[PDB]
């Protein structure tokens, strides 16, 4: 499957692509404003994620740090990123279909559109100014808007035993972005696409 990762933000981002225990394609790359990065994701990939990382510094060896979404100090992510990270999530060729969603369960750093580039389904978007509207207790000093699980580490926000409901914090993400997961047991906003579709993840789709 091909994914084009496009940075429409006015600021540089460091895109990342991982399935948690491995990089997807090269795993990460600097994307200046306007740049596009084309990756290949193996069919049948379950639990893949693409995200942006902000305000990074990497040396010639690909070692460094990001203010948001850092993946163990590496340019080329093998693991998932540190919240806050708006997430484009996907599981491909699952019983003949692809499943895509955007999630705020690990917080929000950059607005995103995640859409198919082939036919048969629709895209999803979370492009509201969540960082500007972020509740004071969730604001991440390094930048972005943390989710409540990251901040408070409670069973209610983290949804531990799969025993939770919506919260004042999850409702904030849901009000600003109804089409993105706001907590673990949120009514799914997953889109079912034809198996083996191609997609585009656009950071800052509205500017």
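In my numbering, the protein residues as written are 38 to 244. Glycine included, C-beta positions come from ideal geometry on N, C-alpha and C.
Unbroken beta strand (DSSP E) run spanning residue i, endpoints
i	result
residue 233	First-last for residue 233: undefined, no H or E at that position.
residue 50	50-55
residue 103	101-105
Under the three-state DSSP convention, the category residue i falls into
i	result
residue 43	strand
residue 192	helix
Residue range of the unbroken alpha helix (DSSP H) whose run includes residue i
i	result
residue 185	185-189
Identified DSSP bridge partners for residue i
i	result
residue 249	A query on residue 249 cannot be resolved here, the shown segment of the chain reaching from 38 to 244 and no further.
residue 68	50
residue 85	127
residue 60	55
residue 93	103
residue 239	43, 150
Cβ-heavy atom distance, residue i to the ligand NAP, below 7 Å
i	result
residue 138	Looking for the ligand NAP in the displayed structure turns up nothing, as the structure carries no ligands at all.
Min CB distance residue i to chain B below 8 Å
i	result
residue 108	Among the chains of the structure shown, chain B does not appear; only one protein chain is present.
>> In chain order, what are the residue ranges of uninterrupted alpha helix (DSSP H) at least 4 long that sit wholly in the stretch 149-183?
In response: You should have 167-170.
> Which full runs of the beta strand (DSSP E) of 3+ residues lie inside the stretch 195-231, going along the chain?
Replying inline: Taken in chain order, the unbroken stretches of beta strand (DSSP E) that lie wholly in the stretch 195-231 and span 3 residues or more are 228-231.
>> Which runs of the beta strand (DSSP E) at least 3 residues long sit entirely within the stretch 108-156? Give them in chain order.
In response: Counting only runs of 3 or more, we get 124-131, 134-140, 149-153.
> Quick check: the stretch 129-139 against the stretch 225-240, are there 3 or more CB pairs under 8 Å?
Replying inline: Result yes; three or more Cβ-Cβ pairs closer than 8 Å.
> Does the pairing of the stretch 233-242 with the stretch 182-199 give three or more beta-carbon distances under 8 Å?
Replying inline: By the Cβ test, the stretch 233-242 is not in contact with the stretch 182-199, since fewer than three Cβ pairs between them sit closer than 8 Å.
> Are at least three pairs of beta-carbons, each pair with one atom in the stretch 103-114 and one in the stretch 194-202, less than 8 Å apart?
Replying inline: Touching, no, given that fewer than three Cβ pairs across the two stretches are closer than 8 Å.
>> Does the structure place the stretch 112-121 close enough to the stretch 95-104 that three or more beta carbon pairs sit under 8 Å?
In response: Taking a cut-off of 8 Å on C-beta distances, the stretch 95-104 touches the stretch 112-121, as three or more cross pairs fall below it.
> Is there contact between the stretch 41-49 and the stretch 60-74, where contact requires at least three CB pairs shorter than 8 Å?
Replying inline: Three or more pairs of CB atoms, one per stretch, sit closer than 8 Å, so the stretch 41-49 contacts the stretch 60-74.
> Between the stretch 154-161 and the stretch 89-99, are three or more C-beta pairs nearer than 8 Å?
Replying inline: Segments in contact, no.
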